[PDB]
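Note that the chains are named A, B, C, D, E, F, G, H and I in the order they appear, and that numbering of residues resets to 1 at the start of each chain.
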Amino acid sequence: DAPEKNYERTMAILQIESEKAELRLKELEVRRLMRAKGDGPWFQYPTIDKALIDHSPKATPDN
Amino acid sequence: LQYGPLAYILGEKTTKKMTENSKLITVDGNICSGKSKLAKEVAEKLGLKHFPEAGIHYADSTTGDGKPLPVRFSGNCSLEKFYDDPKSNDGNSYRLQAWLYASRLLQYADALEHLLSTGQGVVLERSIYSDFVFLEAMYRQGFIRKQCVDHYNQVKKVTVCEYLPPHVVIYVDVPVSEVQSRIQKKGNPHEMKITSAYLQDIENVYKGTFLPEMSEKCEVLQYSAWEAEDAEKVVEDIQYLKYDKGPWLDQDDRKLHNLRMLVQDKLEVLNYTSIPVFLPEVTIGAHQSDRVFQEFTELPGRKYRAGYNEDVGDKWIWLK
Amino acid sequence: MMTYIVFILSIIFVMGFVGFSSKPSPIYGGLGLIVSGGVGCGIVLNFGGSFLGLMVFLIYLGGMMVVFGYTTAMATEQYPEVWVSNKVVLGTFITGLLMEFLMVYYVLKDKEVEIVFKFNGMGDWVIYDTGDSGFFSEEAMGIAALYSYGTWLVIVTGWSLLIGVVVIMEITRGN
Amino acid sequence: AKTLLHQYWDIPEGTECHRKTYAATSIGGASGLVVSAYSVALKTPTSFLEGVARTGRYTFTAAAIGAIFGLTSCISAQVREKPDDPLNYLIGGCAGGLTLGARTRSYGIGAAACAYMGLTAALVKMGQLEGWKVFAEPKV
Amino acid sequence: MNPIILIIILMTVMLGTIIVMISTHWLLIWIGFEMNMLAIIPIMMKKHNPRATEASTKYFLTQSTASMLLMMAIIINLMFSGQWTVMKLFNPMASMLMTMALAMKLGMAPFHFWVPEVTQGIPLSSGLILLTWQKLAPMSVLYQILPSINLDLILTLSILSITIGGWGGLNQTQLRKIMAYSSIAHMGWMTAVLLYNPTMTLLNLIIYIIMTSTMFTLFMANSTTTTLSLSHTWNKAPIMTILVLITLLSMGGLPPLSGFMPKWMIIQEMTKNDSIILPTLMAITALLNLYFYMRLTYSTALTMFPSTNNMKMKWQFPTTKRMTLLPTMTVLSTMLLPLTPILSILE
Amino acid sequence: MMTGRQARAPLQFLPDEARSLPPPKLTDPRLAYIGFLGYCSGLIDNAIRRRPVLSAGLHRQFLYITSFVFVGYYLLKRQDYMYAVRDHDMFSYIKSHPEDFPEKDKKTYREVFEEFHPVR
Amino acid sequence: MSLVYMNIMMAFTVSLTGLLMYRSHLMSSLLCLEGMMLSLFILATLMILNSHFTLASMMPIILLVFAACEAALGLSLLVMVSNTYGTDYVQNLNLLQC
Amino acid sequence: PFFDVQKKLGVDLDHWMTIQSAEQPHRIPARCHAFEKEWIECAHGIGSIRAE
Amino acid sequence: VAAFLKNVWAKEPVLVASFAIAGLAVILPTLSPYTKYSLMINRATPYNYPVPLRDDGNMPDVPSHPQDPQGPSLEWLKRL
């Protein structure tokens, strides 16, 4: 293979691997912030649905 | 496969073909009791299927083409050299005894499968309940050791407790002198060397150990030498019996189904025949069994499963 | 002291549990658990649990009669222990009694106690309702709705009882 | 007894000998009572005096381990004038290993206990220095 | 057993585990565990020998104690939360009690004292169901309450299960107690990464179920119960020695086999959270499991132990046993590592 | 981890948004590896039942190959879907929070002073 | 919390330790399991009748049912111990030690 | 693995005994009905970590 | 079906009466017109209070008084 061939192939490999490394570091930091806060689409542990609540007038009014 | 739990669920109940003719019969006796023909007579008046006596080569006759295999593949022992040399060092005696018990267990499995699948009774010769008595003669003449008897009783304890005793067991009273006279008139050059106390102890363990336990779990019909020669005598004395003894009565479709599922797996039948109890008469080593097994691979039709052999001319292997 | 009536019935409840928890013999175990179950429907019935306390009375009476039949049939020795035959029964029996009256003495002195949770020492007359329930006891309507809302609960409970019968017939077959 | 490990580690090294030795002895005694409870549980003593003699034996064994461990650690940290140094705990763990060997009446157990407990105490000092967490919080 | 009754009992076991898996209510979780126990008792008692009665007695006592602790945790959640959603528990006392209940249902150490006895007493298929299908329901309940599970308790139970299940398998020549202490070690492996990333816990669960089903299916296909009865396999069926070799080297965690897949991923999810000591000790303790796996491969495949005479008859019969999914389980138990990123289907 | 995302579409293997993604090729090397797993399952199934391993059951080996390819194709589609949802949620979260992720001043090495450590 | 919850949890712990420490007799531990179910019944029913959450008032009934729906199982698992052995001691159940 | 069959098939197996504010027999209120309604509508959708 | 019915009516007649009563109790509430009257009696029984509504202005079937003609009637219950 040519030296230009191997050289520019090496540069494409380095671009792809540096992008994957920066995105893995972003992946770690995003998981850290979402487990710390819980504001993102991940780590939404389930709570009670608010559609189950009976909104009709009940028997006694003290409720 | 042919039978399983699905066919039992889909209506094949084993008491749809359990009639009064379903009588598993076994004719016991000494070496030359005139009984080996008599079983055929009991086979040819009651309309039953005769199994011959399981020698070394019973499993050789069941699977494959049925020709007699060489002795180094099956048993690796001898009966003639047992008769010439009962007190050998290499242990022809217990090796031949254990191989005969394995062959008779396969014979009894085939008998129960034919009986529980075809509705036709099977006439055996010297079934597995009448095998250990021969071991006792080989213990009463000093042919084997105590550890071989312990090994055989462990094997028979773990193999016979899952079966049933037969319906009718025929026993033949021939005294020792008439057995010896028929041996001498046979002219068999190896059979003549059998000692007399061996045969007397065969008769003693017949009368004192076999029949005091089988008479309560099957039905005895004890015949002498002269009355075991008429066929219709023994046939009709089977034909008018009142069957209450034995564990054949408390058997429904479920228990006979579990027996039939145990029987039709022949490797599960023969699973604990060769238990790993290290005994010098039966333990065949690594390279010897390796050489004999790689020669068994080269036997014609024996390399693959029973419909996957081009050397015997099997068709459609590439669609099986 | 009379306002502590659910407390007093619950002291009898714990005393019955000490009585059959030292395991003297299942005859006297049946006695102690009949006493504890019979005051269980004195504890829970002073809340409004008429039906739902009578059930834990009745089902446990059937249970202790069957338990009697088995401990008379299979679980019987020659000298059954009353409570005082073995020393190791009576020691932990007296231990349970003095430890229960120890925490009684600690809860009627301080009116607060904490074994791991925190418990008031005033009687449980304070925690009731000041309202009416109309022409129905509310727990009777709740167990009446076992057939209206609770469809899946009825299905799985009937299937569990069915296969419990089948399981027990497959176990006590012997072969 | 997590608070026992607190009031062991809530005292600076090379300052107070007898209180640290008492805290290490108490931690050793708690470990010995755990081993004593499982020993009278999983293997039945043929007498109650058999069981309490085994309980006292295991209790004094682990208490002597903790005592000579913390004592040698504190004395070496004082007399070397290096408080945050794992060689002090290394010598303390080896002294506890020879303690366990003298209580089990065997030399090779004592030498192996010297070596492996010295490695263990070195790991404890380094995990106390760099903040190594064994039961670490899930955070990412 | 009547095969209709056996099919109804197996459907009831599956129904109990499904009722644990699909229900949002704590009482239905408890009813699912009750149904699962009640319908797995006759699977342990299919052959009616006193060893099975001892095994079923010990199993029923342990699972009944666990069910009592589970219902007390449920009632304490009802106290401190006033509701019934299967979600995080609203009390650390209730979380501790439910963790104890699920740990007794899994047989995690030091509640592991029933798994080798019960696994030895019962037949091979019942042991397979006990070691695979009974590890689906309490791991489901542990999956659904992980924001309330205390960290130190579940890590202590996990690493204690790993160490004790590593040591317990070294002194057993019986195959089923080997698989039982392997089960204790692998449940420790699963629950150690539960609070960190539970998708890897589900991955470890599924890979362990595939490997354990491969091992018990080989044990049923050769009808072997001990190491010494497995020793004659090269004379009976030589390809089965290759299969038990590759599966026993898979379960220890040797690359490039699939059992290196969960373990390494567990370390991949424990060094993320600044915990380097604990997966190191787990990786060291995996060598004990791998050691008695190497012992079983030395006995079976890599050498040739001496056989006996009557094997010469068993040469003449093919295995007519229903070897259900055995090549599929073999291939998915040894050659799965290049598809390590398949774990995202469990997210 | 992502259990809040897959709670509005429960028990859906591939959602409606999963079709927006390019599917794996029919010459996918991962699916070809699963086809090799099917070929090995066919060979093991002919080996454990003492059949001629390369000749017996052409339909049997071909159905093993077809079955593993048919399972593995949908498994690879769910794999691609879940990693795509992971990157989509990551990038939308990074875009939604600018104050959590500073853009560094990407210096050059003529200002950054590294400590040299010679080998001698 | 209130006073009666102390004694019901105390009865739970007493029946727990009675179950969790044997006396070489298995029927007496079946009784301790049924006692633990009694304590669970009373505690859940006190909580439900206190909160006036009536719809789970069917919950103790179901609870009590599954009590005997395992305890009768133990009875079927008792006689299979006591048909093998003349007694039902727990030291007859040590053949799974090898 | 929370296989949510009840939301998949649309069936309603045990979403009625779950809370004290659900549909009751003859509209019997609970003594913490208003507080549990406020806590459920306060903590719906915002997840456990923010809801605690 | 008649011959086996006579046979089981000879052998086990209590079981025949049991299965007959059970089968009729299963099938017969789907062949009777009174079941709608059962449901309407059960839902026309006012346990709670008939909670009034705020008059926003336009409810053409809601009364202002019990003796107003609009609303559900129960004269069918008194006739039947």
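Note that in this section contacts are C-beta pairs under 8 Å (C-beta built on N, C-alpha and C of every residue); 3 or more make two chains touch, one makes a residue touch a chain.
Here the chain pair with the top count of touching C-beta pairs is C-G.
Distances between chain centres, each the mean of the C-alpha atoms, put D farthest from chain I. Separating the centre of chain C from that of chain D, both taken as means of CA atoms, is a distance of 46 Å. Per-chain Cα centroids separate chain B from chain C by 63 Å. Centroids of chain C and chain I (each the mean of its C-alpha atoms) stand 40 Å apart.
Chain geometry summary: the mean Cα position of chain A and that of chain D are 45 Å apart.
Residue positions of chain A touching 2 or more other chains: 28-29, 31, 35, 39, 43-48, 57, 59-60, 62.
Within chain B, the positions touching two or more other chains are listed as 305. The multi-chain contact residues of chain H, meaning those touching 2 or more other chains, are 2-5, 13-20, 22-32, 47-49.
Across the assembly, chains come into contact as A-C, A-D, A-E, A-F, A-H, A-I, B-E, B-F, C-E, C-G, C-H, C-I, D-E, E-F, E-G, E-H, F-H, G-H, H-I. Those residues of chain H lying in contact with chain E across their complex are 1-6, 13-15, 17-20, 32, 36, 48-49.
On the side of chain E, the complex with chain B involves touching residues 1-4, 6, 223, 226, 228-229, 231-232, 235, 304-321. The part of chain E that touches chain F in the complex is made up of residues 197-199, 221, 237, 239-240, 243, 318-319, 323, 326-328, 330-332, 335, 338-339, 341-342, 344-345, 347. Chain E meets chain G in the complex at residues 27, 30-31, 34, 37-38, 41, 45, 50-51, 53-58, 60-61, 64-65, 67-68, 71-72, 75, 78-79, 82, 84, 117-118, 120-121, 174. Of all the residues in chain A, the ones that touch chain F in their complex are 23, 26-27, 29-31, 33-34, 39-46.
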